[PDB]
Amino acid sequence: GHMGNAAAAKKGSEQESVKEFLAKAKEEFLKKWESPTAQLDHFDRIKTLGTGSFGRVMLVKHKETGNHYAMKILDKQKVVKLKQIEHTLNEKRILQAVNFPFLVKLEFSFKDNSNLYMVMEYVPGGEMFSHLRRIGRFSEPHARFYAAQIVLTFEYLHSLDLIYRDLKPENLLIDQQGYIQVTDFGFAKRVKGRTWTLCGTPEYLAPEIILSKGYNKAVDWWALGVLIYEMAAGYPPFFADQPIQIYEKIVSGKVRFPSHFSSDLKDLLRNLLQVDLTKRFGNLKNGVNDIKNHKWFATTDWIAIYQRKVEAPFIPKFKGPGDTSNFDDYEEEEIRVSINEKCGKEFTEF
Amino acid sequence: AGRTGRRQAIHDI
Ligand SMILES: CCCN(CC[NH3+])S(=O)(=O)c1cccc2cnccc12
């Protein structure tokens with residue numbers, strides 16, 4: 001066969017140890033999920049690090065400790081109009097309960113009359129997005145280093161019945177050691193089987209989302225294929241100026257590859273960017289192992305990645321604890337707090 | 001031709 005006896009036994013024992021790890025991780029997650037911390041004038045606002053329709057994130061400095069954090073600020077009334085109440089409650093609750101080296105850590109959450117706040121570890125290296133657009137594309141080893149972290153993170157999340165639903169370079173921060181921190185859990189959800197919400201980011205949507213099917217966690221594996229393609233090409237596989245045209249290309253499903261893609265990479269991507277759910281990697285009997293044991297990952301030491309012992313291909317320059325040089329500049333908007341409480345009943349559980 | 005800037009999420013189609 002492909003593996004000699006010793007290699008086969010090493011890989012089997014490895015896969016059994018993954019099972020043992022995931023069983024304990026689920027114990028810990030459920031305990032925190034069942035039995036889960038600050039206020040605004042505890043922080044100085046420094047700089048907006050990102051902003052979109054579903055909220056904004058600010059660098060803040062904790063007054064007592066001087067530690068820097070990334071504070072997500074959500075407008076309650078805006079969340080209600082956009083029908084994101086449950087999504088925002090999911091984001092806080094999931095972030096509180098998970099624990100993995102490539103998931104950003106939540107430190108505090110609170111609310112006031114107008115807003116909801118989630119205070120996370122500040123990741124100063126910036127978004128993968130910026131670094132990718134600046135350099136153009138990543139070489140295959142560089143892309144593979146990041147991809148491996150996402151594979152492990154999705155193995156972890158999916159074992160807990162959590163779907164992520166917004167993979168994209170914009171949501172992947174680079175930490176001081178060059179490793180990934182996944183941010184923005186606003187579409188994450190605990191899903192045993194099917195779910196139906198039309199959400200995500202157009203270029204990364206699986207066809208079954210666009211086609212309004214009741215879909216499952218395999219949409220995350222499709223999105224991994226989009227991410228790996230974009231990292232290695234510099235642009236995503238279904239690329240067009242407007243969402244309707246992007247959707248048309250996704251549903252047709254015909255992917256074309258740059259001539260510099262290796263055959264191993266193209267084979268992996270054809271099996272992730274697979275319309276037929278009975279054939280899509282990550283959705284088969286062999287589960288995540290179809291991905292981890294693929295030829296394109298043959299040089300990947302999965303334990304060494306998890307342990308953060310692989311030398312990263314890129315170490316961001318770090319000019320100090322509150323340095324923001326790896327982020328772009330955004331128009332700064334006030335943090336307004338009404339004298340009157342808004343949407344108290346909607347957010348009682350937050 | 002396609003979108004090279006940061007991409008917003010959608011909440012519906
Ligand atoms: C509304 C943009 C939010 N962002 C993610 C998408 N780009 S973000 O501003 O990059 C950011 C979010 C969460 C934690 C962070 C920790 N450290 C730095 C930034 C962080």
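Read the numbers this way: they start at 1 and go in the same order the structure lists the ligands and their atoms. Letters A, B, ... mirror the listed sequences (proteins, then strands); counts begin at 1.
Residue-ligand proximity, A:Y122 to ligand 1, at heavy-atom distances under 4.0 Å covers atoms 17 (N), 18 (C). Each of the following atoms of ligand 1 lies closer than 4.0 Å to a heavy atom of A:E121: 16 (C), 17 (N). Listed by number with element, the atoms of ligand 1 under 4.0 Å from a non-hydrogen atom of A:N171 are 6 (C). Within ligand 1, counting atoms from 1 as listed, the ones closer than 4.0 Å to a heavy atom of A:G55 are 1 (C). Atoms of ligand 1 lying under 4.0 Å from any heavy atom of A:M120, numbered from 1 in the order shown and given with element: 13 (C), 14 (C).
For the residue pair A:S130/B:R6, the side-chain donor-acceptor check at 3.5 Å is satisfied.
Using a cut-off of 4.0 Å between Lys/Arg side-chain N and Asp/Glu carboxylate O, A:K192 and A:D161 are scored as not salt-bridged. The pair A:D329-A:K47 meets the salt-bridge criterion, since a charged nitrogen lies less than 4.0 angstrom from a carboxylate oxygen. The pair A:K292-A:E14 does not count as a salt bridge, with every side-chain nitrogen at least 4.0 angstrom from each carboxylate oxygen. With respect to the salt-bridge test (charged N to carboxylate O, under 4.0 angstrom), the residues B:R7 and A:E170 qualify. Under 4.0 Å is where a charged nitrogen must lie from a carboxylate oxygen, and between A:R133 and A:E230 at least one such pair does. Using a cutoff of 4.0 Å between basic side-chain nitrogens and carboxylate oxygens, A:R144 and A:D264 are not scored as salt-bridged.
With a 4.0 Å cut-off on non-hydrogen atoms, A:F129 does not touch ligand 1 at all. Only the side chain of A:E127 comes within 4.0 Å of ligand 1, judged by heavy-atom distances.
Taking CD from A:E28 and CG from A:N99, the interatomic distance works out to 8.5 Å, rounded to the nearest 0.5 Å. The CD atom of A:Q274 sits 16.0 Å away from atom CH2 of A:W221, with the distance rounded to the nearest 0.5 Å.
Ligand 1 lies nowhere less than 4.0 angstrom from a heavy atom belonging to A:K72. Within the structure, the closest approach of A:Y69 to ligand 1 does not fall below 4.0 Å when heavy atoms are considered. Judged by the shortest distance from any of its heavy atoms, A:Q181 lies outside the 4.0 Å radius around the atoms of ligand 1.
Considering backbone and side-chain N/O of A:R56, none are found under 3.5 Å from N/O of ligand 1. For ligand 1, one of its N or O atoms has an N or O atom of A:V123 under 3.5 Å away. Taking any N or O of A:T183, backbone or side chain, none lies under 3.5 Å from an N or O belonging to ligand 1.
If you check each of A:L49, A:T324, A:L173 against atom 10 (O) of ligand 1, the one with the closest non-hydrogen atom is A:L173.
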